[PDB]
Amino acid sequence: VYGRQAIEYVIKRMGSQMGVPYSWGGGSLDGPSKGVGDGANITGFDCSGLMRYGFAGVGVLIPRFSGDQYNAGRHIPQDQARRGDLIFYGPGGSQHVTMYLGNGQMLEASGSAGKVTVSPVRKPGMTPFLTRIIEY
């Protein structure tokens, strides 16, 4: 499917920003941008910002805020979690959002060393549902 290929593309595109620093409020549709607050001096990505930039690469525009990204596709139960599914943290996903790589790995903007990186999926705070944007 084209859906499966779009997701690989999205993931790969996000992956191309590996190491780009974390920046609160940072991110555009075309790449890292200066954030705001303490992000004012860093040209990078916050969590939701990376996600957005990734999906922009296949032409899908998702909201700026992880809480609204949470409601931007279909809610998936943890046990149906799929590579390409968005992972949320905090009530209604208001705190963090990351990309599920499959295999208990995720891609996220704020990893130790405040950079885009690959981490094991974490349990504390995780919202009940993932969100599928692309229905491959």
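We number the residues from 1 along the sequence you see.
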Notebook entry, point to check: Once you work out the mean C-alpha B-factor for both 105 to 113 and 39 to 47 from the entry, which is higher?
Noted result: 105 to 113
Item checked: Higher-scoring stretch by recorded Cα B factor average, 52 to 60 or 75 to 83 -> 75 to 83
Item checked: Member of 120, 15, 25, 19 with the greatest C-alpha B factor (per the PDB record) -> 120
Note to self: Splitting the chain's C-alpha B-factors into thirds, which one does residue 98 fall into?
What the structure shows: lowest
